[PDB]
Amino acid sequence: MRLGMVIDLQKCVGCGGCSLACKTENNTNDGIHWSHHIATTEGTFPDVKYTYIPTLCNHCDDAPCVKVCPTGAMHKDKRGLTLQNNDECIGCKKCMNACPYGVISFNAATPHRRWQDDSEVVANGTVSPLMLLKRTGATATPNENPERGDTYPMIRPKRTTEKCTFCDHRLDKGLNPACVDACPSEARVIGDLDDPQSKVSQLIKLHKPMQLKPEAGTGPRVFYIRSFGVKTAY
């Protein structure tokens, strides 16, 4: 089994809804986004081309992040996913630098520190991050998703790395990744690339797919089909 994703760039509207869904699903610290994007503007006015590519972990066939990890914390699972045993991460940061795609982040700060602030913009009138934390009963942020804790720390510790886990905790329950359900045009599809009858396997046979940095030789398993823009008329 080799799970992967096909993203249809013609359907994609470049809205970031997938990345915002990932924030709500996975409790990433402010500024840490497992799902993100690469946008480019090319050309001189009036012949200007703007394109948007959503990005995530490519759960590579030959993953440098796994190979460089000195403790074995970063590893492949039986689905082909690159997952991390966060408890065994010693914060050496080698995975982050070895990853050709730059999709790994480092918890330099204790996540969600901004929620420990008890200052009020209008004293005894508006609330505060700490007061809202206490009122809702959450541990670190009122937006924390406890489901994340099924297979990974709900809140990661300082001095560990982290990245897209392909919503493994949702896959374990037969559910879809958050970014997949969040996409208004159903541009994102996942499945087993080793199964010739999966929708992803057929999509990449019906369309000539593009991959990110194929020259790096990692065998990424996110495939892009079609194009964000269309041929200019007139």
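Don't overthink the numbering: it's just position in the shown sequence, from 1.
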Legend entry - Comparing 192 to 200 with 34 to 42, the one whose average Cα B-factor in the PDB entry is higher: 192 to 200
Inset, instruction - May I ask you to compare 160 to 168 and 70 to 78 by their mean CA B factor in the entry and name the higher one? - result: 70 to 78
Legend entry - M131 CA temperature factor, ranked by third within the chain: middle
Legend entry - Ranked against its chain, the third holding the CA B-factor of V122: lowest
Inset, instruction - Quick one: classify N85 as lowest, middle or highest third of the chain based on its Cα B-factor. - result: middle
Inset, instruction - Compare the C-alpha B factor of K213 with those of the other modelled residues in its chain, then answer lowest, middle or highest third. - result: highest
Legend entry - Chain third (lowest, middle, highest) by recorded CA B-factor, residue given as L206: highest
